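To start, the structure itself, in structure tokens.
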Ligand SMILES: O=C(O)CCCC[C@@H]1SC[C@@H]2NC(=O)N[C@@H]21
Ligand SMILES: O=C(O)CCCC[C@@H]1SC[C@@H]2NC(=O)N[C@@H]21
Ligand SMILES: O=C(O)CCCC[C@@H]1SC[C@@H]2NC(=O)N[C@@H]21
Ligand SMILES: O=C(O)CCCC[C@@H]1SC[C@@H]2NC(=O)N[C@@H]21
Ligand SMILES: [Cl-]
Ligand SMILES: [Cl-]
Ligand SMILES: [Cl-]
Ligand SMILES: [Cl-]
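Chains as they are written, first to last, in the numbering used here: chain A, 7 to 129; chain B, 7 to 129; chain C, 7 to 129; chain D, 7 to 129.
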């Protein structure tokens, strides 16, 4: 049920856009558009998720990587996100990330709805 | 020159084995075998690297993900590594990692030679 | 102006309570009460902050440590928080933390007002 | 036995010097001299450790903070270290750290002996 839940479009607290297809055998493929930093437009992402998550109602483990080179620019950097997908009406991906240029750390919360402009200003 | 340098087999300070092919447009694909934790044999990895790194002699940014499910076992977890490839006679990948089951953090140093059994015992 | 701004009581997104006095020469002393984990009541904290922060309107760097032993219990663990104090009407301390038992990572946002019960349920 | 083991002088893999007294009730006080970054001479540190660690032979949890202002300079930054003290003939403090200016992450291994000049060059 993780494949159906994960596949689609996600927005983090900054308004960045995470577009992902979850493959049957645990592949993540898609694009990432960061609302911040030395980035513009979409970047290729790839990653992995647990395609047979535990039937005890907990989260699905996943992670992905973006190297910050596209046709617009090259930041000479890469970010990995590591976290858990939880489904339901308020579906979320809770992540910690590492950005290497020298490794910055932080956390991103992704949901299926764009956060309000006021919340984007706050976070 | 990053593609030629990255592609191949890497060992971390724990004796884990990282087998990777760097694709021309920035893809990382391969297998990971962890010497520790709830893991055995090889796991699929995918990731990204900067395929046009800066010509100022610094490192190449990269990252990859392993979800810890294979035909032997499923740990219901995923690790991302984020770091820099530096080439030369003592080529290295310096990484920080995030393991999500609840996110553990650490650091792995990968080289082209297996560390000595005595160093593996130490680290 | 950092001393006046920092000294007082702070609540994170989980409803944990951070009570701190900022000393003139950069000392942080006080108590921490975690709303979660293997903890109850208040624990001694100590830390440091930049007592002469830059006059360019940016944040004040700080960090503190709690070892999770008090008169109620001992979790045999310790957390450090590292982050920035920003003042004003919506004063905040943005932190990343490391909990060592084996090091967990996360992020806590502290403000001068308790988050709503509904937000505490969410975060 | 943690108090006796911790108190003293420690060197990390970079040759930085960590001088600490462990207090009876779990206080850490001392100085830190970083071999790298925007730092020179010694900086005040304070932190906490588990003063009644588990009798099952495992590590002692601890953490400390340095704000990077002294009489020589002010970097407008602060680092926290979080980790475990293990005693014996090859006594060590294994740490992860967070440096906030915007939070960098890494790991430091401290021992009672200075690493060789050749190892300092490597790490
Ligand atoms: O500045 C760079 O080097 C590239 C852009 C990085 C943007 C980071 S990645 C982590 C965080 N989450 C986001 O959606 N954007 C920032
Ligand atoms: O225990 C698990 O959940 C799966 C195995 C995780 C092994 C970790 S990943 C980070 C670190 N580096 C390694 O080579 N192995 C450990
Ligand atoms: O479980 C333990 O070992 C002690 C309690 C730890 C609580 C953590 S510390 C980081 C995070 N922020 C909080 O306010 N509480 C949790
Ligand atoms: O550059 C600064 O802002 C102050 C110096 C920071 C030095 C860091 S702290 C973590 C790491 N471990 C060390 O011994 N030094 C570096
Ligand atoms: Cl797949
Ligand atoms: Cl490619
Ligand atoms: Cl003071
Ligand atoms: Cl004490």
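For each residue, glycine too, the CB sits at the ideal point set by N, CA and C.
Quiz item: For the candidate residues B/115, B/46, B/16 and B/60, whose alpha-carbon lies nearest to that of residue 28 of chain B?
Solution: Looking up residue 28 of chain B in the second chain gives position 22. The shortest C-alpha separation from residue 28 of chain B is found at B/16.
Practice problem: May I have the straight-line CA-CA distance separating residue 112 of chain B from residue 109 of chain C, to the nearest angstrom? | Solution: For the purposes of this step, residue 112 of chain B is taken as the residue at position 106 of the second chain. For the purposes of this step, residue 109 of chain C is taken as the residue at position 103 of the third chain. About 8 Å.
Practice problem: May I have the straight-line CA-CA distance separating residue 36 of chain D from residue 86 of chain B, to the nearest angstrom? | Solution: The residue labelled residue 36 of chain D in the question sits at position 30 within the fourth chain. The residue labelled residue 86 of chain B in the question sits at position 80 within the second chain. Looking at the two C-alpha atoms, the distance is approximately 35 Å.
Quiz prompt | Whole-number beta carbon distance between residue 18 of chain D and residue 106 of chain D, since they are thought to touch under 8 Å | solution = Residue mapping note: residue 106 of chain D aligns to position 100 of the fourth chain, counting from 1. Residue mapping note: residue 18 of chain D aligns to position 12 of the fourth chain, counting from 1. The Cβ separation is near 19 Å, so there is no contact.
Practice problem: Whole angstroms is fine: what's the gap from residue 90 of chain D's alpha carbon to residue 65 of chain D's? | Solution: Working through the fourth chain from its first residue, we reach residue 90 of chain D at position 84. Working through the fourth chain from its first residue, we reach residue 65 of chain D at position 59. Roughly 5 Å separates the two Cα atoms.
Quiz item: Mind checking residue 54 of chain A: buried by the 16 CB within 10 Å criterion, or exposed?
Solution: In the first chain, counting from the first residue as 1, residue 54 of chain A sits at position 48. The residue in question, residue 54 of chain A, is buried, as its Cβ has 16 or more Cβ neighbours within 10 Å.
Quiz item: Helix or strand or just coil, what does DSSP make of residue 97 of chain B?
Solution: Here residue 97 of chain B corresponds to residue number 91 of the second chain, with the count starting at 1. Looking at residue 97 of chain B - three-state DSSP - the assignment turns out to be coil, as it is neither helix nor strand.
Exercise. Could you pull the start and end residues of the beta strand (DSSP E) that residue 124 of chain B belongs to?
Key: Taking the second chain and counting its residues from 1, one reaches residue 124 of chain B at position 118. No beta strand (DSSP E) contains residue 124 of chain B, which is instead part of the alpha helix (DSSP H) from 123 to 128.
Self-check item: Distance between beta carbons of residue 51 of chain D and residue 38 of chain D, contact taken as under 8 Å
Solution: The residue given as residue 38 of chain D occupies position 32 in the fourth chain. The residue given as residue 51 of chain D occupies position 45 in the fourth chain. With a Cβ gap of about 5 Å, residue 38 of chain D and residue 51 of chain D count as contacting.
Self-check item: C-beta contact flag for residue 23 of chain A and residue 69 of chain B at 8 Å
Solution: To locate residue 23 of chain A, count along the first chain from 1; it is residue 17. To locate residue 69 of chain B, count along the second chain from 1; it is residue 63. Not a contact, by the Cβ cut-off of 8 Å.
Quiz item: So which residues on chain C does residue 56 of chain D lean against when the C-beta distance must stay under 8 Å?
Solution: Walking along the fourth chain from the start, residue 56 of chain D turns up at place 50. Neighbours of residue 56 of chain D on chain C, chain order: 73, 74, 75, 80, 82, 83 and 84.
Exercise. Determine the DSSP secondary structure at residue 9 of chain C, reduced to helix, strand or coil.
Key: Here residue 9 of chain C refers to the residue found at position 3 when the third chain is read from its first residue. Residue state, collapsed to three classes: helix.
Quiz item: Got a sec? Which residues, its chain only, sit under 6 Å from residue 9 of chain D by beta carbon, not counting five neighbours each side?
Solution: Here the question's residue 9 of chain D lines up with position 3 in the fourth chain. Contacts found: 28.
Quiz item: How is the beta strand (DSSP E) around residue 75 of chain A delimited, first residue to last?
Solution: Here residue 75 of chain A refers to the residue found at position 69 when the first chain is read from its first residue. Unbroken beta strand (DSSP E) run through residue 75 of chain A: 66 to 75.
Quiz prompt | Cα-Cα separation, residue 44 of chain A to residue 125 of chain A | solution = In the first chain, the residue the question calls residue 44 of chain A occupies position 38. In the first chain, the residue the question calls residue 125 of chain A occupies position 119. Spanning the two alpha carbons is a distance of roughly 22 Å.
Quiz item: Do you know offhand how far residue 82 of chain C's Cα is from residue 73 of chain C's?
Solution: Stepping through the third chain from its first residue, residue 82 of chain C is reached at position 76. Stepping through the third chain from its first residue, residue 73 of chain C is reached at position 67. About 8 Å.
Practice problem: Could you tell me if residue 78 of chain B is buried or exposed, where buried requires 16 or more neighbouring beta carbons within 10 angstroms of its beta carbon? | Solution: Locating residue 78 of chain B in the second chain gives position 72, where the first residue counts as 1. Classification of residue 78 of chain B: exposed, given that the 10 Å Cβ count is below 16.
Quiz item: Is residue 106 of chain B helix, strand or coil by DSSP?
Solution: Sequence index remark: in the second chain, residue 106 of chain B carries index 100 (1-based). Residue state, collapsed to three classes: strand.
Quiz item: Which residues in the same chain as residue 11 of chain C place their Cβ atom closer than 7 Å to its Cβ, once the five residues preceding and following it in sequence are excluded?
Solution: Within the third chain, numbered from 1, the residue matching residue 11 of chain C stands at position 5. Hits under 7 Å: 91, 93 and 97.
Practice problem: Compare the C-beta of residue 11 of chain D with all C-beta atoms of chain C and state if any pair is closer than 8 Å. | Solution: In the fourth chain, the residue the question calls residue 11 of chain D occupies position 5. No, residue 11 of chain D lies away from the interface with chain C (no Cβ there is under 8 Å from its Cβ).
Self-check item: Bridge partner(s) assigned by DSSP for residue 49 of chain C
Solution: Within the third chain, the letter at position 43 stands for residue 49 of chain C. Paired residue(s): C/38.
Quiz item: Helix, strand or coil: which one does DSSP assign to residue 88 of chain C?
Solution: Translated into positions along the third chain, residue 88 of chain C becomes position 82. Reduced to three states, the DSSP call for residue 88 of chain C is strand.
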